[PDB]
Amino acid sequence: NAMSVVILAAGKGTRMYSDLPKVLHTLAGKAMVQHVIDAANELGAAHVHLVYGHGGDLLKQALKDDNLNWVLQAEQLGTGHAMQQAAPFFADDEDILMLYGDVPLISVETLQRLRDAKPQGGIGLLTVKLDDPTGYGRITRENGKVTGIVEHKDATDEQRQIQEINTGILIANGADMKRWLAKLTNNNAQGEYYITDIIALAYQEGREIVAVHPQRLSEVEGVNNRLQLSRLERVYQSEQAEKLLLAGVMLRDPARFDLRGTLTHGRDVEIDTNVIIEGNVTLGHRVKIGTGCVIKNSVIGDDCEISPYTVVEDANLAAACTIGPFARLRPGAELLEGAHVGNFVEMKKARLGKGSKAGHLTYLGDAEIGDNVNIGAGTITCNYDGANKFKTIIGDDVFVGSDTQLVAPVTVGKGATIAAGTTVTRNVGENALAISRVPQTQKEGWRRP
């Protein structure tokens, strides 16, 4: 069935004390509004109308969904007024689902439920019963049938007794939406245009309004300040962790795990406490991740073991690799089968071959290292002359002495050996020994200052 979504976000987020539009504040790696848009498309929305008031520049820059139709609302004269701005773009024969830009946890399952309950020619309303319904629109019923909504400011004490409140989410036919929206007046407490008035307008037109409730309260919770955002952050993370656990992923402590993106995985993956996954991460079978690790946009093959406190970004590790602790892999880092990177080791645009080892205090940038190569501690690749960056190539079976510096561009033949403390400025022949050492001398009875 034809369906379109409208997201209102033209309200001012004052209690955020931010120079960034409220709906742009991230939650689990993405803008709150982006969460709403995803649910919209995920539900099958044809067009997603976004109503904004200011910061539209940062908005258009942060959001780039193909089916995103921008609707301006200069003045915030009420949710009804806002809906009237987008009304013109409602297809007569399509359904219109209204959503809030600051309610990120709304689920597709519940939205799909609201769609089904929506009577033909009627309205699908999402409501919830709170212990304290203070400050929210009150749902009124006649013989069990929803006949309208009364705002807190307009409701009488007796009416404020009603605990079934309006979440704001509702769905109706485009043509119907337009007919009602046109009849909205601002003769009420707030003195604004209530989108909630359409509920009565539909009831008196003989249309019926059905109410549906969400799975969890957190689903329809709105964010006005940072403390509320942090709260929903925990809910999201807890649900994610929980899904991963039930999905076969072992988390040492779910309360101490954060997923800010997407995580593909194999069987028996084990993740210790305080680990953060960002962007798209792929984990093979039996992957072990120590505590405090940070993995972003990376691929990790089977049986890999990531030791504690290792930062990885845009890297690709083949099977059976072991890196860390205290390893830092930067964009372009590649490790072939059984490769090993020790502590205090950094890799940027570098490839370590099969079984190759970069054990300690080393920096590999812009280099291609063959298989069975051994990089001693202190080895560094000089890939920057202050203006340009150069490549370092090391063939197979190479042994690089510690504290060796390779000045790029340079190539070290296969089976070659580089003495410790060597400065390589020229290519090294295969099966040859490169060296640049001053014979050790000594001075008897040398007293220090």
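Residue indices: 1-based, along the sequence shown.
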**Request:** Tell me which of 56-64 and 376-384 has the higher mean C-alpha B-factor in the deposited entry.
**Result:** 56-64
**Asked** On average, which has the higher Cα B-factor in the deposited entry, 65-73 or 401-409?
**Response** 65-73
**Prompt:** Based on what the PDB entry reports, which of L181, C304, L335, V345 has the top C-alpha B-factor?
**Reply:** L181
**Message:** Looking at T291, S356, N186, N316, which one carries the largest C-alpha B-factor according to the PDB entry?
**Reply:** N186
**Request:** Just say lowest, middle or highest third for the CA B-factor of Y236 relative to the other modelled residues in its chain.
**Result:** middle
**Prompt:** Ranked by Cα temperature factor within the chain, is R252 in the lowest third, the middle third or the highest third?
**Reply:** middle
**Fill in**
Entry-reported C-alpha B-factor of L263 relative to its chain, by third, is middle
**Message:** Split into thirds by Cα B-factor across the chain's modelled residues, where does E278 land: lowest, middle or highest?
**Reply:** lowest
**Asked** When the modelled residues of the chain are sorted by Cα temperature factor, does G101 land in the lowest, middle or highest third?
**Response** middle
